[PDB]
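Undergrad: One structure follows; several queries about it will come next.
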Amino acid sequence: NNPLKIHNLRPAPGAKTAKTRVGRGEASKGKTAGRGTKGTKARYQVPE
RNA sequence: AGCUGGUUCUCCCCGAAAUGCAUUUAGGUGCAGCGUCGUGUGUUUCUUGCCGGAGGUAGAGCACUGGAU
């Protein structure tokens, strides 16, 4: 009983993965946002 | 701008590198080394004992070459 209502929909577990917000706080992808310090790759992309 | 600075909430698990080659190359980067996660394998890793191997260092020596009372 109590049929499917639109507030009962949930995705299959593992379907949706929360984004990775780099640059917020130091207990996460911190100040460098996973880049290191002062290289060509600390500001730019190196072509393959 | 191969350059300088800045990049904001939390906790749980693991956790390095500053080495090799090459480089209009040396404070940069490519590959390899070292980290992590997923998947397959499952003791293959590592330590100690024993066994089979090649050597030319420490030491020693003058048989070769050289030095030398």
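Order determines the names: the first chain of the structure tokens is A, the second B, and so forth; residues in each chain are numbered 1 upward, and ligands are numbered 1 upward as they are shown.
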Find the residues of chain B in contact range of chain A, meaning any atom within 7 Å when counting only C-alpha atoms (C1' of nucleotides), and list them as a PDB file with C-alpha atoms (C1' of nucleotides), in the first residue's frame.
TA:
ATOM      1  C1'   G B   2      59.058  27.281 -18.035  1.00  0.00           C
ATOM      2  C1'   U B   7      43.163  29.066  -4.009  1.00  0.00           C
ATOM      3  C1'   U B   8      37.933  29.264   1.369  1.00  0.00           C
ATOM      4  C1'   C B   9      34.112  23.225   5.610  1.00  0.00           C
ATOM      5  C1'   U B  10      35.225  18.533   8.497  1.00  0.00           C
ATOM      6  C1'   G B  28      61.164  23.341 -16.631  1.00  0.00           C
TER       7        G B  28
END
Undergrad: For residue 14 in chain B, please output as a list in words all residues within 12 Å (counting only C-alpha atoms (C1' of nucleotides); exclusion window: fewer than 5 positions along the same chain).
TA: residues 35, 36 and 37 of chain B
Undergrad: Residues of the last selection are to be written out with N, CA, C and O atoms (P, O5', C5', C4', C3', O3' and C1' of nucleotides), as a PDB file, in the first residue's frame.
TA:
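again12.pdb written:
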ATOM      1  P     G B  35      55.609   2.414  -3.286  1.00  0.00           P
ATOM      2  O5'   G B  35      54.802   3.781  -3.183  1.00  0.00           O
ATOM      3  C5'   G B  35      54.661   4.460  -1.944  1.00  0.00           C
ATOM      4  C4'   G B  35      53.441   5.346  -1.931  1.00  0.00           C
ATOM      5  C3'   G B  35      52.102   4.647  -2.075  1.00  0.00           C
ATOM      6  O3'   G B  35      51.637   4.069  -0.869  1.00  0.00           O
ATOM      7  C1'   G B  35      52.168   6.502  -3.524  1.00  0.00           C
ATOM      8  P     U B  36      50.624   2.828  -0.918  1.00  0.00           P
ATOM      9  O5'   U B  36      49.284   3.454  -1.496  1.00  0.00           O
ATOM     10  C5'   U B  36      48.596   4.470  -0.787  1.00  0.00           C
ATOM     11  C4'   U B  36      47.502   5.081  -1.621  1.00  0.00           C
ATOM     12  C3'   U B  36      46.433   4.123  -2.111  1.00  0.00           C
ATOM     13  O3'   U B  36      45.455   3.844  -1.127  1.00  0.00           O
ATOM     14  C1'   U B  36      47.151   5.468  -3.902  1.00  0.00           C
ATOM     15  P     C B  37      44.741   2.412  -1.091  1.00  0.00           P
ATOM     16  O5'   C B  37      43.702   2.472  -2.291  1.00  0.00           O
ATOM     17  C5'   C B  37      42.566   3.320  -2.228  1.00  0.00           C
ATOM     18  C4'   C B  37      41.808   3.337  -3.531  1.00  0.00           C
ATOM     19  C3'   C B  37      41.331   1.992  -4.048  1.00  0.00           C
ATOM     20  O3'   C B  37      40.133   1.554  -3.437  1.00  0.00           O
ATOM     21  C1'   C B  37      42.345   3.192  -5.807  1.00  0.00           C
TER      22        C B  37
END
Undergrad: Output as JSON, numbers by chain all residues of chain A that backbone DSSP marks as helix (DSSP H, G or I).
TA: {"A": [40, 41, 42, 43]}
Undergrad: Check the smallest atom-to-atom distance from each of A:21, A:47, A:6, A:11 to residue 34 in chain A using only C-alpha atoms, then report the winner.
TA: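 Going through A:21, A:47, A:6, A:11 one by one, the smallest distance to residue 34 in chain A is for A:21.
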Undergrad: For the atom pair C1' of residue 27 in chain B and CA of residue 35 in chain A, what is the interatomic distance in Å to one decimal place?
TA: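 So the answer is 17.2 Å.
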Undergrad: Using only C-alpha atoms (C1' of nucleotides), which residues sit within 12 Å of range 15-21 of chain B once same-chain residues fewer than 4 positions away are excluded, as number ranges by chain?
TA: B: 30-36
Undergrad: Include N, CA and C atoms (P, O5', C5', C4', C3', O3' and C1' of nucleotides) and write out the residues we just selected as a PDB file, in the first residue's frame.
TA:
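Okay, this is what ended up in again17.pdb:
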ATOM      1  P     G B  30      55.734  15.950 -17.711  1.00  0.00           P
ATOM      2  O5'   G B  30      56.458  15.042 -18.795  1.00  0.00           O
ATOM      3  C5'   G B  30      55.936  14.919 -20.109  1.00  0.00           C
ATOM      4  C4'   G B  30      56.708  13.909 -20.919  1.00  0.00           C
ATOM      5  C3'   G B  30      56.874  12.537 -20.289  1.00  0.00           C
ATOM      6  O3'   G B  30      55.736  11.714 -20.465  1.00  0.00           O
ATOM      7  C1'   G B  30      58.957  13.276 -21.114  1.00  0.00           C
ATOM      8  P     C B  31      55.231  10.755 -19.279  1.00  0.00           P
ATOM      9  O5'   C B  31      56.275   9.556 -19.278  1.00  0.00           O
ATOM     10  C5'   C B  31      56.361   8.672 -20.384  1.00  0.00           C
ATOM     11  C4'   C B  31      57.628   7.855 -20.352  1.00  0.00           C
ATOM     12  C3'   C B  31      57.845   6.993 -19.123  1.00  0.00           C
ATOM     13  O3'   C B  31      57.108   5.786 -19.148  1.00  0.00           O
ATOM     14  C1'   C B  31      59.841   8.138 -19.637  1.00  0.00           C
ATOM     15  P     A B  32      56.583   5.136 -17.778  1.00  0.00           P
ATOM     16  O5'   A B  32      57.913   4.764 -16.983  1.00  0.00           O
ATOM     17  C5'   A B  32      58.575   3.534 -17.225  1.00  0.00           C
ATOM     18  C4'   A B  32      59.875   3.418 -16.471  1.00  0.00           C
ATOM     19  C3'   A B  32      59.787   3.320 -14.960  1.00  0.00           C
ATOM     20  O3'   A B  32      59.411   2.031 -14.507  1.00  0.00           O
ATOM     21  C1'   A B  32      61.511   4.817 -15.556  1.00  0.00           C
ATOM     22  P     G B  33      58.553   1.865 -13.159  1.00  0.00           P
ATOM     23  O5'   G B  33      59.528   2.378 -12.012  1.00  0.00           O
ATOM     24  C5'   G B  33      60.597   1.564 -11.556  1.00  0.00           C
ATOM     25  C4'   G B  33      61.424   2.255 -10.501  1.00  0.00           C
ATOM     26  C3'   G B  33      60.724   2.583  -9.193  1.00  0.00           C
ATOM     27  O3'   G B  33      60.663   1.474  -8.312  1.00  0.00           O
ATOM     28  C1'   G B  33      61.962   4.461  -9.929  1.00  0.00           C
ATOM     29  P     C B  34      59.250   0.926  -7.780  1.00  0.00           P
ATOM     30  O5'   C B  34      58.827   1.960  -6.650  1.00  0.00           O
ATOM     31  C5'   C B  34      59.433   1.930  -5.367  1.00  0.00           C
ATOM     32  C4'   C B  34      59.179   3.207  -4.607  1.00  0.00           C
ATOM     33  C3'   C B  34      57.722   3.555  -4.343  1.00  0.00           C
ATOM     34  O3'   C B  34      57.156   2.851  -3.252  1.00  0.00           O
ATOM     35  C1'   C B  34      58.836   5.460  -5.157  1.00  0.00           C
ATOM     36  P     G B  35      55.609   2.414  -3.286  1.00  0.00           P
ATOM     37  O5'   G B  35      54.802   3.781  -3.183  1.00  0.00           O
ATOM     38  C5'   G B  35      54.661   4.460  -1.944  1.00  0.00           C
ATOM     39  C4'   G B  35      53.441   5.346  -1.931  1.00  0.00           C
ATOM     40  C3'   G B  35      52.102   4.647  -2.075  1.00  0.00           C
ATOM     41  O3'   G B  35      51.637   4.069  -0.869  1.00  0.00           O
ATOM     42  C1'   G B  35      52.168   6.502  -3.524  1.00  0.00           C
ATOM     43  P     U B  36      50.624   2.828  -0.918  1.00  0.00           P
ATOM     44  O5'   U B  36      49.284   3.454  -1.496  1.00  0.00           O
ATOM     45  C5'   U B  36      48.596   4.470  -0.787  1.00  0.00           C
ATOM     46  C4'   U B  36      47.502   5.081  -1.621  1.00  0.00           C
ATOM     47  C3'   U B  36      46.433   4.123  -2.111  1.00  0.00           C
ATOM     48  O3'   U B  36      45.455   3.844  -1.127  1.00  0.00           O
ATOM     49  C1'   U B  36      47.151   5.468  -3.902  1.00  0.00           C
TER      50        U B  36
END
Undergrad: In Å to one decimal, how far is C1' of residue 6 in chain B from CA of residue 17 in chain A?
TA: 29.4 Å
Undergrad: Between CA of residue 43 in chain A and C1' of residue 24 in chain B, what is the distance, to one decimal in Å?
TA: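 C1' of residue 24 in chain B lies 23.1 Å from CA of residue 43 in chain A.
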